[PDB]
Structure formats: C-alpha cells, structure tokens
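Comments concern the structure below.
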Amino acid sequence: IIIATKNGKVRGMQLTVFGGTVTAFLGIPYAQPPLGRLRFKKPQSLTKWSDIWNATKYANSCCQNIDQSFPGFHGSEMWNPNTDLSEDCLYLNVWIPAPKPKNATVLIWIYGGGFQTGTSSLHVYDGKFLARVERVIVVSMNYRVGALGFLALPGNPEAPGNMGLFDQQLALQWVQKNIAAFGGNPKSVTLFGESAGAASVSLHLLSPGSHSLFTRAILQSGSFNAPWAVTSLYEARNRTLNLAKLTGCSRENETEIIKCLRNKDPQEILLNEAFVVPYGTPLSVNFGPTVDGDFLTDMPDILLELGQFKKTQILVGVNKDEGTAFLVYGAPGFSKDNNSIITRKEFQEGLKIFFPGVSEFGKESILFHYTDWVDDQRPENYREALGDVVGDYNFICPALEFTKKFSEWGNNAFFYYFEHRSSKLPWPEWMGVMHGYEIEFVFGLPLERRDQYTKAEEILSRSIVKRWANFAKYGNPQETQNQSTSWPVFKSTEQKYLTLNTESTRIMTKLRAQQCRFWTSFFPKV
Ligand SMILES: *[C@@H]1O[C@H](CO[C@@H]2O[C@@H](C)[C@@H](O)[C@@H](O)[C@@H]2O)[C@@H](O[C@@H]2O[C@H](CO)[C@@H](O)[C@H](O)[C@H]2NC(C)=O)[C@H](O)[C@H]1NC(C)=O
Ligand SMILES: *[C@@H]1O[C@H](CO[C@@H]2O[C@@H](C)[C@@H](O)[C@@H](O)[C@@H]2O)[C@@H](O[C@@H]2O[C@H](CO)[C@@H](O)[C@H](O)[C@H]2NC(C)=O)[C@H](O)[C@H]1NC(C)=O
Ligand SMILES: CN(C(=O)Oc1ccc2ccccc2c1)[C@@H]1C2CCN(CC2)[C@H]1Cc1cccnc1
Ligand SMILES: *[C@@H]1O[C@H](CO[C@@H]2O[C@@H](C)[C@@H](O)[C@@H](O)[C@@H]2O)[C@@H](O)[C@H](O)[C@H]1NC(C)=O
Ligand SMILES: *[C@@H]1O[C@H](CO)[C@@H](O)[C@H](O)[C@H]1NC(C)=O
Ligand SMILES: *[C@@H]1O[C@H](CO)[C@@H](O)[C@H](O)[C@H]1NC(C)=O
Ligand SMILES: *[C@@H]1O[C@H](CO)[C@@H](O)[C@H](O)[C@H]1NC(C)=O
Ligand code: NA
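Have a look at this one:
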C-alpha cells in the first residue's frame, strides 16, 4: 500500500496482529536533517520528493549517551536505543488500522528519557496493538535530545533552545497536514507521553504555537513543574559556556562559539555534556527545556498559576514507586541485587546525593518529615523513606499540583495511581511499582498471550487501553461496558483519583496529602 503525502508518496508494510491487520509506516521524515549549519537550529521545512519513500523500517535514533550502568541486564538495556544513533534522526512512525479507517482518532506518543535519551523505535512503544484493538491511529516521532536538542543561548537563533520541543511541534504539524490521507481525523488528536515525554506534553499545553495542533493530552509520570523539567536562563547560559570551555570552543563572539561547536564530532559533544553541571544527581537534566521567548514566552510556573494554557481535558497519573529506580544509580547501600536495607546514616548520605545544592537545614527538614516512624523497628524504614522522598519530590507532588492548578480553570481532569508491579520484571521486588512500569500496559503488550504475562495483567491492560482510547475519542476515560468502577473527575476540593491494579479498582482521595504539602508549600522556600 502506497499513500500520497504533501511531500511525496510513501510505502508501508502489513502486520498480522491478533488475527487482523495493522498497516505500519516506520521512518517517514518530517524535517530537513539538522546537519552542518543546521545543528542547534530549529527544524527546517522538508522539501518534496518525486519518488516513493520506503517507510518500512525504523529510522536512526538521535545521538545520545547509552545507559551502561548494568551491561547485559535487560531491565536497563531494554531502554537503550535499538537503531543507529545519528544526527539525521527527525523521523516519525504511523500505525493505521486495516482496513483504512475513515475518520479515526489519533494518538501521538512522545517518549521520555530525561530529555537526554530515548527513541520511538523501542519495542514497548509499538503502536500496532492500539491500532488493532481500538482502531485508533498511533503516531510517534524522534526528537533531538541532550545538547543537540536543548543547547541554549537565549535570543541567538543559532542556538535558541528548545529544538527538541520544536521537533515535536513540527511532527504534530505533519499530522495536521497529512493524517487525513491515512484515514485519521486531524480534529481528534490526543498527545500522550511518559516522564520527560509527559513533561513535553504539558509544555505543549502552554506553548501557543502548539494550541491548534492537538485536542487533548495524557501525562504519565511527568509534568513541566517537576524540579527537573525546566532549566533557568542562568543555568542554560552557564552550561552552554561550560560546554564551550570543555571543547576548547570558548570565544567572545557567542555566534563564533556556536560555529565552533558545529565543527565538533557528534561524539565529542556527547562526551562533555555530562560535565557542564558542577554537582550532578541521577536526575540531572544537563540540557533541557528553557524559557526561550518563542516556545515558552514566560516561566511556566507563572503561566500555570495565571491560567495561560490550552483549555481542554487532561488525563494525569503516577506510579506507586516513582523514586525507587533512581536509588541504585548512586545512593550508598543500594543495589538491584540485594534488599538494600540502609541505615539512618546511609539515608542521610542518600539525601546529599539527590539534594546537592540544598542547604543543611533543607536536608534536616526532609529527614524530620520522612523519618517520624510509626514503627522504628522496621529495617526497611529508611530504604522506603528515601525512595518516597525521591518519588514525591520529583514526580508525584508536581503531577498533583499541575492537575489541581489545571482543573481550577474549569477543565475536566482525571488522575490515576498505577500500583501494579507486573509479573515479569527484572528489577527486584523492593523497588515496587517503578517509574516507567505502566508503559507496557498502556501500549497493550500484555494483550499478547505468548508474551509471558498473567491473565489478570491481560485484563488490566485491556481495561487501560479502553480507558485511554475512550479518553482520546470522547474526552472521558470510562470503561462503560464491563461493569467497571466509574472514573470521577478530579476537582480541587475533593481530589478523587482512580487506582489501577489487578485486584480492586478503587476511588480514593487526596493522594500523598501530607507529603505534598511539605514539598509544594514548605520546601521551595529553602
Ligand atoms: C471527521 O470528523 C470531523 C469532526 O470530528 C469530531 O468533532 C471534533 C470537533 C472533535 O470533537 C472530534 O473528536 C470529533 O470526532 C469532521 O469535521 C467537520 O468538517 C466539516 C467539513 O466538511 C466542517 O464543516 C464541520 O464543522 C466539522 N465538524 C466538527 C468540527 O465537528 C470532518 O469532516 C470528518 N471528516 C471525514 C472525512 O469524515
Ligand atoms: C547491597 O550491596 C551494596 C552494594 O555493594 C555492591 O553490590 C553487591 C550486590 C555486592 O556485589 C558488593 O560486593 C558490591 O560492592 C552494599 O554496599 C556496599 O557495602 C560495602 C561493605 O560491605 C562497601 O564497601 C561498599 O562501598 C558498599 N557499596 C555501596 C554502593 O554502597 C550493601 O552493603 C548491600 N546491602 C545488603 C543489605 O546486603
Ligand atoms: C530508561 N530510564 C530513564 O531514562 O530514566 C530517567 C533518567 C533520567 C531522568 C531525569 C529527570 C527526570 C526523569 C528521568 C528518567 C529509566 C531508568 C530507571 C527506571 N527505568 C529503567 C532505567 C527507566 C524508566 C523510564 C523509561 C522510559 C523513559 N523514562 C524512564
Ligand atoms: C523500495 O522498495 C521497493 C519494493 O520493495 C520490495 O518489494 C515489496 C513488494 C516488499 O516485498 C519489500 O519488502 C521489498 O523489498 C524496491 O523495489 C525499491 O527499490 C525500494 N527503494 C529503495 C530501496 O530506494
Ligand atoms: C559556571 O558554573 C561553574 C560551576 O558553578 C562555575 O565554576 C563558573 O564560574 C560558572 N560560570 C562560568 C562563566 O563558567
Ligand atoms: C559576531 O559574529 C557575527 C557573525 O559573523 C557578526 O555578524 C558580528 O558582527 C560579530 N560580533 C562581534 C561583536 O564580534
Ligand atoms: C469485557 O469482558 C469480556 C468478557 O466478559 C472480555 O472478553 C472483554 O475483552 C472485556 N472488555 C474490556 C474493554 O475490558
Ligand atoms: Na476525604
């Protein structure tokens, strides 16, 4: 099958899924390759072609540093890129149901990776189950990460910042101009993303240039008000200069700095990225979104507080154990290979690692709030406290504050709390329901019975896929047929959320109320 797009014809491939057929277009380009004089610049328009483009295999993933903290360990390496790294990586993928739909709702996926890593060709990001089972069209794109995507000299168009976000935005533009030719409705487009991807989705809610490119939005374990998500103009400039010094590109004319960095090999930029910050944590975002004056016209906390964003429905949620994954990447006493029982002194050492530029009193307040033991004789007490500190501060409390702030302006919002630790995961049990552990359930991998998942997990993923699809089509994430718990809207007063698990789906209220009042009200002062 061939499809005629605004820039030329493209050829796809057929996929047998669950006794049916999905058509896949892997690797359509959506911008001029950002090479040479184009490195660090906004993505440039793609000039037509007269031939048939073969969209039949995933394209190159963008340049990035690979995670090698556990070589040969599937739990980390399944997130490493699975196609060639290259600066020529501005490509996207399309999964359309067969037979060609007539006006299908589109789901657009934005992967995370701390704004430094990630790629849309990962196995857990395969859109074919969602297209087969729910008849939505799934789209995903590669966008530039790290310094190649977010190096910032604010004002200077040679390196204005936010290039990865403008990559995402240009791919959404492609969906507006082209997806009807695939049988999709450009007027029913839902963005969804996880971690830095979720943060990216929330920034598309703020950026006026994105407001007409999508309908609704789904935020999984991530939002732009998280402490890691937005870099100040101060830090962005300092870090760009630290990178120029690290590569001998230090000049006085700032444009001549950008020209000097353009002649460095992609690798040489990648190797020095890590050292532009003085103190780093497992959650560092060396090069990330900034207030560029273009994509972000003001500091996003101000735009949230004052209601400056797209008015629409949102679906937001978090996992029970967001913080645990990061503890084995540097906290003393922790290991994926033992139950990581830490002492009080090890907990305090852990805080120094995750809170380097915090005052001494700051660290003492975290200690005080989180070690008032109900039972001090539990040896996992400190182990669990440090995970909860990292998870509440970095993910859960910013997600709730974003949802409260957002709903206060009249829009329907739905909040979930994902608490299933799946059956086949390679990380140990003490890490619980880890960051990223819901992606496979959202994409419907447990719907594959040969994939070593339990039956309860197939049921959970089936219900989640239905709710996500109903949210994208209708703005309302119910499973209306199989006698399911209704999912109430999240209001600022009552703060009802839905829990997702294989046992009992429950309505609860005011998630982490005492912990988030600490982080969101007391702590930012320090
Ligand atoms: C495809 O459907 C759209 C309408 O989509 C629905 O309405 C949206 C506002 C949004 O809520 C979606 O989730 C819905 O599924 C049709 O749009 C109409 O287009 C005509 C042009 O002929 C226009 O005059 C109408 O005002 C539009 N209706 C709207 C905006 O509701 C569109 O034509 C459909 N196209 C095909 C080929 O089926
Ligand atoms: C759990 O292991 C940590 C990490 O130690 C490493 O991984 C282990 C699985 C094993 O292969 C060790 O030999 C490795 O060093 C242990 O913390 C270490 O403790 C030693 C003293 O025994 C100390 O010298 C190291 O600096 C520690 N390493 C770190 C990263 O803190 C920890 O003691 C183990 N915990 C439990 C409860 O068994
Ligand atoms: C891939 N991997 C990773 O990239 O996680 C980071 C790394 C740095 C971050 C900095 C700030 C904010 C969030 C960050 C997240 C994480 C890492 C820990 C837990 N499993 C396994 C390894 C992954 C979860 C995941 C999967 C896809 C996208 N995201 C996260
Ligand atoms: C693009 O692909 C064309 C056809 O691909 C081949 O034929 C189809 C029917 C499938 O079986 C497919 O897997 C085969 O590889 C080629 O003829 C054409 O040269 C390709 N264009 C390139 C490589 O630039
Ligand atoms: C950048 O930050 C580093 C670390 O804080 C510091 O040493 C340096 O003075 C800052 N400024 C410049 C211009 O390098
Ligand atoms: C910096 O370089 C640019 C690009 O060549 C040039 O237009 C500008 O005059 C230079 N400015 C200074 C102060 O050297
Ligand atoms: C509803 O229940 C039936 C069995 O009674 C099951 O096969 C089906 O997939 C379920 N659907 C959803 C959307 O959960
Ligand atoms: Na209550």
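Heads up, the sequence shown is in the entry's author numbering, so the first residue is 4 and it goes up one at a time. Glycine is no exception: its CB is placed at the ideal position from the N, C-alpha and C atoms.
A straight-line Cα-Cα distance of about 6 Å links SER464 and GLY447. The beta carbon of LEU88 sits closer than 6 Å to those of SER64, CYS66, all from its chain and outside the five residues before and after it, given in chain order. Taking non-hydrogen atoms of ligand 6 into account, the C-beta of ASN256 is found less than 7 Å away from one of them. Not a single heavy atom of ligand 8 lies less than 7 Å from the C-beta of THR496. Looking at the DSSP output, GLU197 bridges to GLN223. The beta-carbon distance between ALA174 and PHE118, rounded to whole angstroms, is 16 Å. This is too long to meet the 8 Å contact definition. Here the C-alpha atom of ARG219 lies approximately 6 Å from the C-alpha atom of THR315. Judged by DSSP in its simplified three-state form, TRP82 adopts coil rather than helix or strand.
When DSSP states are grouped into helix, strand and coil, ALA162 belongs to the coil group.
Per DSSP, the unbroken alpha helix (DSSP H) holding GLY149 starts and ends at 149-153. Between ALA201 and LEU168 the beta-carbon gap is near 13 Å, outside 8 Å, which marks them as no contact. As summarised for the region 27-76, the continuous beta strand (DSSP E) elements at least 3 residues long and confined to that stretch are 55-57, given in chain order. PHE28 and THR327 have their alpha carbons spaced roughly 36 Å apart. The DSSP-derived three-state label of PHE421 is strand. Taking C-beta separations shorter than 8 Å and ignoring five residues to either side along the sequence, the partners of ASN165 in its chain run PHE153, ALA155, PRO292, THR293, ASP295, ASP297, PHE298, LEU299, following chain order. If one requires a minimum length of 4 residues, the alpha helix (DSSP H) runs lying completely within the region 212-298 are 236-249, 257-265, 269-276, in chain order. Bridge partners of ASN322 according to DSSP: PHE421. Per DSSP, the beta bridge partners of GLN17 are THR26. At a threshold of 7 Å, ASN159 does not count as near ligand 4, since its beta carbon sits no closer than that to any of the ligand's heavy atoms. Contact check for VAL288 against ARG242 fails: the beta carbons are separated by 8 Å or more. The Cβ neighbour count for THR122, taken over all protein chains shown within 10 Å, is at least 16; the residue is labelled buried.
Collapsing the DSSP output to three states places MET302 in coil.
Residue side-chain check: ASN57 places its Cβ nearer than 7 Å to a non-hydrogen atom of ligand 4.
If you check the C-beta of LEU246 against ligand 5, you find no heavy atom less than 7 Å away.
A distance below 8 Å between beta-carbons, with the five flanking residues on each side excluded, links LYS267 to the following residues of its chain, in chain order: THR250, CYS252. For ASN96, there is no enclosing alpha helix (DSSP H); the enclosing beta strand (DSSP E) has its first and last residue at 94-101. Burial is judged here by how many other beta carbons sit within 10 angstroms of a residue's own beta carbon; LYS105 has fewer than 16 and is exposed.
For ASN289, the distance from the CB to the nearest heavy atom of ligand 1 is not below 7 Å.
Spatial neighbours of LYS366 in its own chain (CB-CB distance under 8 Å, excluding positions within 5 residues in sequence) are listed in chain order as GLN351, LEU354, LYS355, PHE358.
Apart from sequence neighbours up to five positions away, the residues of its chain that approach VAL319 with a beta-carbon distance below 6 Å are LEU222, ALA402, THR406, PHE418, ordered along the chain.
By the CB criterion at 8 Å, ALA516 and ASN397 fall outside the cutoff. For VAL445, the enclosing alpha helix (DSSP H) begins and ends at 442-446.
The residue among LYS9, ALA475, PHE409, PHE444 with its C-alpha nearest the C-alpha of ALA107 is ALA475. The beta carbon of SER368 sits no closer than 7 Å to any heavy atom of ligand 2.
In terms of Cβ geometry, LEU194 and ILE111 form a close pair [threshold 8 Å].
The set of residues whose C-beta lies within less than 7 Å of a heavy atom of ligand 1 reads, in chain order, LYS105, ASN106, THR108, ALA183, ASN188, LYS190, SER191, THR218, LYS476.
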